[PDB]
2 protein chains.
Amino acid sequence: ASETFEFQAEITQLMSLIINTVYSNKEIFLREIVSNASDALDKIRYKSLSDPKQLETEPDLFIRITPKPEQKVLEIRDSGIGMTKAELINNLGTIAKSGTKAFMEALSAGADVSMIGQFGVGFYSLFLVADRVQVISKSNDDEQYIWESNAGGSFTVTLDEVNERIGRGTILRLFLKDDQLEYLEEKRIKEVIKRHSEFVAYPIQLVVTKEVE
Amino acid sequence: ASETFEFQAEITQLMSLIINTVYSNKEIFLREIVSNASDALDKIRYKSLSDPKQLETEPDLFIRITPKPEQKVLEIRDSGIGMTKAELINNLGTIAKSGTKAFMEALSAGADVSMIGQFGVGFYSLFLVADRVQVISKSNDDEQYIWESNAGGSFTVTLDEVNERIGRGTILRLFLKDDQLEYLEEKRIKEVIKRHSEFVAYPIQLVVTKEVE
Ligand SMILES: COC1=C2C[C@@H](C)C[C@H](OC)[C@H](O)[C@@H](C)/C=C(\C)[C@H](OC(N)=O)[C@@H](OC)/C=C\C=C(/C)C(=O)NC(=CC1=O)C2=O
Ligand SMILES: COC1=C2C[C@@H](C)C[C@H](OC)[C@H](O)[C@@H](C)/C=C(\C)[C@H](OC(N)=O)[C@@H](OC)/C=C\C=C(/C)C(=O)NC(=CC1=O)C2=O
């Protein structure tokens, strides 16, 4: 059974700003995702310096992108530290974030949306291309859980009994907007990664499905 | 919680024959898989001729092959009719199969293992390349279940709360033997499909993971 939580009030305004004031350079949503994935991977690796067993739930360190064009879904998986239920609730919307108001004021004064990660709120850039998001996460210290939002004022957290097991880490599952289906394409993905994600210490894999001809 | 079932006694001998008398032309295991997938897809499509709603749990008709080299696993998914719990128990080992004994006698007299599907027992050819198998299946008339065997005299059936949801159909998950890892390779898979699976009415997709370079 899901629990429902209410977003802290400036997070709700930030999301509705991102959905509705919008327009240009939406592709930076993937740079923010990859940069969060890389932060999560840095954390497990640093953690494991003095607790090597932490690594054993998923020994390989990677970022993987899987288009699912039939569901209009883009998934980005990392094998980073992952998040517990309580981390999903606290850190993904119930507690105020330090740069939320400041980024909104920056935006209104003319700042590029691209600055969003410098405000510590770049996760919310995913609503540029998606009207719905699931974050499926598995921390070594908890069970697998699904966080879900349609950017509507509330989110749900649900013990995961429906998705593949990740050994450890997170899957970001974007239900893309009908106008943003270009991010389902191999060539577009590669261009965006090569443009804004050149210096990443982890391998970035792309999963492509082709017909045997 | 899993239930355990015992294999009918000639199925156990067939499996241990396949594991141990062996040697040559192991690649026909994929022709048998694809041919079963195609039979399952024919059945849903025929069924839907007079009950079109059956199709709506998974509108696309396909066979998909996904190597997972890090787990030494080959998955083959179809969106065919799927099987209920009771069909997995009955049809995947507890009840005697008509050609089991006859195929064993044919084999001993010198028959090519390749004849196995002409005896109606070709599912068991997967133990040529795998020491363990899961069949994860979702029929419109039941929940998702996992059947599992290590070819040891018994199998388990378990309500699925750990794998991705299939809308409808089956995933064959092969834990390949260390000597049979060639079936993890894109080029080998394609050769085997092109050789023995030329006339298939459904698209066969291959899922390939590559590093963004
Ligand atoms: C310092 O780390 C970062 C923080 C502080 C805090 C949340 C860290 C978090 O604590 C529980 C974990 O330490 C860390 C492993 C999890 C992230 C990197 C997640 O990424 C994935 N792939 O796990 C990302 O997932 C949706 C979650 C929230 C982001 C908020 C809404 C924001 O937008 N920006 C941030 C980007 C960051 O790099 C941020 O606030
Ligand atoms: C006539 O159909 C076939 C039968 C008769 C009977 C089992 C049919 C089954 O009834 C419940 C469903 O109608 C059908 C949709 C399911 C299969 C095609 C499955 O394939 C997948 N992809 O679903 C395959 O899965 C592991 C299962 C068992 C095979 C036994 C051990 C054997 O080896 N060979 C057979 C190959 C066949 O084509 C066989 O006995």
Side-chain angles (χ1 to χ4, degrees), chain A residues 30-31 34 37 57-73 75-77 79 134 136 138 143-144 146 158-167 171 173 186-200 202-213, chain B residues 30-31 34 37 57-73 75-77 79 134 136 138 143-144 146 158-167 171 173 186-200 202-213:
Chain A
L30 191 58
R31 173 245 263 156
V34 159
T57 46
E58 174 59 76
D60 290 348
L61 298 190
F62 62 84
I63 302 169
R64 180 180 302 150
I65 303 163
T66 312
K68 304 182 167 188
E70 57 293 338
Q71 307 134 247
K72 286 176 196 204
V73 157
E75 290 180 6
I76 306 85
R77 181 174 172 172
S79 36
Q134 310 174 353
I136 305 144
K138 182 54 184 69
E143 299 299 325
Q144 202 164 303
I146 308 159
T158 312
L159 184 70
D160 188 342
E161 288 170 328
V162 300
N163 299 297
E164 56 168 321
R165 296 305 98 173
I166 70 219
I171 301 171
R173 181 176 291 157
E186 172 178 9
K187 191 194 177 315
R188 184 65 175 127
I189 296 160
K190 284 209 191 101
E191 289 174 37
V192 181
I193 293 298
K194 203 254 190 199
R195 208 175 288 116
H196 301 281
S197 291
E198 166 168 18
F199 291 110
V200 168
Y202 310 98
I204 301 170
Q205 306 163 352
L206 173 68
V207 179
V208 183
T209 308
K210 67 205 61 54
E211 211 176 310
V212 166
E213 215 73 288
Chain B
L30 191 58
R31 173 245 263 156
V34 159
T57 46
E58 174 59 76
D60 290 348
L61 298 190
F62 62 84
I63 302 169
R64 180 180 302 150
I65 303 163
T66 312
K68 304 182 167 188
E70 57 293 338
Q71 307 134 247
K72 286 176 196 204
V73 157
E75 290 180 6
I76 306 85
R77 181 174 172 172
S79 36
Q134 310 174 353
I136 305 144
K138 182 54 184 69
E143 299 299 325
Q144 202 164 303
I146 308 159
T158 312
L159 184 70
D160 188 342
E161 288 170 328
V162 300
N163 299 297
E164 56 168 321
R165 296 305 98 173
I166 70 219
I171 301 171
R173 181 176 291 157
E186 172 178 9
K187 191 194 177 315
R188 184 65 175 127
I189 296 160
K190 284 209 191 101
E191 289 174 37
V192 181
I193 293 298
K194 203 254 190 199
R195 208 175 288 116
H196 301 281
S197 291
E198 166 168 18
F199 291 110
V200 168
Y202 310 98
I204 301 170
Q205 306 163 352
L206 173 68
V207 179
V208 183
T209 308
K210 67 205 61 54
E211 211 176 310
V212 166
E213 215 73 288

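Just so it is clear: chains get the letters A, B, ... in the order the sequence lines come, proteins before strands, and each one is counted from 1.
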- [ ] May I ask you to list the residues in residues 205-213 of chain B that approach chain A closer than 4.5 angstrom, counting heavy atoms only, ordered by number?
- [x]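 Under the 4.5 Å heavy-atom cut-off, B/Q205, B/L206, B/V207, B/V208, B/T209, B/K210, B/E211, B/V212 qualify.
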Open item on the list: If I measure from the heavy atoms of chain B, does A/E186 come under 4.5 Å with its side chain, its backbone, both, or neither?
Closed with: side chain
Task: A/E58 CD to B/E70 CD distance, which is reported to the nearest 0.5 Å - done: 7.5 Å
- [ ] Go through B/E164, B/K194, B/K190, B/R165 and name the one with the most non-hydrogen pairs under 4.5 angstrom from chain A.
- [x]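 Looking at each of B/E164, B/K194, B/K190, B/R165 in turn, B/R165 comes out on top.
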Task: For chain B, the option from A/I204, A/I189, A/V162 that forms the most heavy-atom pairs under 4.5 Å - done: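 Maximum pair count with chain B is reached by A/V162.
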Open item on the list: Would you say CD of B/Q71 has more than 12 non-hydrogen atoms from neighbouring residues, nucleotides or ligands within 6.0 angstrom?
Closed with: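 More than 12 heavy atoms, drawn from other residues, nucleotides or ligands, come within 6.0 Å of this atom.
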Open item on the list: Does any backbone or side-chain atom of B/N163 lie under 4.5 Å from a heavy atom of chain A? Answer side chain, backbone, both or neither.
Closed with: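 Just its backbone gets close to chain A.
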